[PDB]
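Just the one chain here, laid out as structure tokens, in the form deposited in one PDB entry.
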């Protein structure tokens, strides 16, 4: 296995987008590309990462890795790369290696791996009654702001975000028009932990838009396109 990613900035932001939510994950390296699946230690949320082999320059993959990366350690290592370095990931077939370029400085770190083995669930495309596409910056400020009002945001479509706390309560209305796009089939209303929404927004540097997909029968989806390569999907169950 070896994958050379010009524009390692992506790999950097990916790790930044994961490390606050989960401490380790099985990286499932494959011929189709890098795909990751993991839940936070409370099992309220699931993140799925997809970097497809076409978005990497080079890319090669003899066998199927079930790499157990310590996501803390990987993010630490990944902070030693400048935003412009060319990151490469080589892993033979129990420790992963990483390489940063430029072209005058060049750095080789090598990360001890870990024995994580849980298989991946098969997660298919559900049907959502309300689907919202909006600027990701806007969405991050809404979760940041409301989280100084209360612990939980109520999301509604007819789209409105509401939080209720000790000092009072607030709500932000957003209307269809970066653009804001609402796709309803049915009115929908669910409450979520702002704690985890504020983890999810750490992916904001990966895309200017975000997409929210709500239904009463499935977890919320919060997804960031890693353009020309894949996506970061966050799944979040509601509160009861």
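Positions refer to the first chain, counted from 1. The term rigid core refers to the most C-alpha atoms you can superpose between the two forms while keeping them within 1.5 Å.
Not on display, but discussed next: the form solved in complex with a partner chain.
Residue 229 falls outside the set of residues with a heavy atom inside 4.5 Å of the partner chain in the deposited bound form.
Although the partner is absent from this view, residue 55 stays clear of the partner chain in the deposited bound form, with no non-hydrogen atom inside 4.5 angstroms. In the deposited bound form, residue 1 stays away from the partner chain, with no heavy atom inside 4.5 Å. The partner chain in the deposited bound form is not approached by residue 131, whose heavy atoms all lie more than 4.5 angstroms from it.
Taken together, the three residues 39, 45 and 235 all come within 4.5 Å of the partner chain in the deposited bound form, as judged by their closest heavy atom. 26 is the sole member of 51, 210, 26, 206 with a non-hydrogen atom lying within 4.5 angstroms of the partner chain in the deposited bound form. Of the residues listed here (84, 108, 119, 145), only one shifts its CA by 2 angstroms or more between this form and the one not shown after fitting on the rigid core, and it is 119. The Cα-Cα distance between residue 31 and residue 119 is lengthened by 3 Å or more in the deposited bound form relative to the form shown here. Inter-residue distance, residue 117 to residue 29 (Cα): increased by at least 3 Å in the deposited bound form versus the depicted form.
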